[PDB]
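Only one chain is shown below, in structure tokens, and it's the form deposited without the partner chain.
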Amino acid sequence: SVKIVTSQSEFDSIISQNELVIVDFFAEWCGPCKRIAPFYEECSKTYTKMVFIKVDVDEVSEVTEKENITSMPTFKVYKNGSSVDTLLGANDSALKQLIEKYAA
């Protein structure tokens, strides 16, 4: 169950309250963006050791500035409340290997 956080601090909070956190910075008008969620959901079930959340750029622009979100869709894994890995474009297979690396 991917988590949807609409607050700026809530987003940052998730990042710091866990050892490993994977969050997909994505935006509401693309087919892939929504399309990557279904696979993301599967990944959240086996990878339940890693915390999965979703944060849009429109509702929380401040979030974009926090990680300087430049290329979307962007999938970044956070370790110890910080950056660790970056994935360009939302692919089920690309994330499979990315999420698998820390989450397996």
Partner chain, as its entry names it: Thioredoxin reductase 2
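Residue numbers count along the first chain shown, from 1.
Below: the form solved in complex with the partner chain, not depicted.
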Problem - Output flag, 5, 53 and 77 jointly within 4.5 Å of the partner chain in the bound PDB entry, heavy atom basis - result: no
Handout entry: Close approach of residue 89 to the partner chain in the bound PDB entry, 4.5 Å, heavy atom
Key = yes
Exercise for the section: Although the partner chain is absent from this view, report whether residue 49 comes within 4.5 Å of it in the bound PDB entry, heavy atoms only. Expected result: no
Problem - is_contact(residue 17, the partner chain) in the bound PDB entry, heavy atom dist at most 4.5 Å - result: no
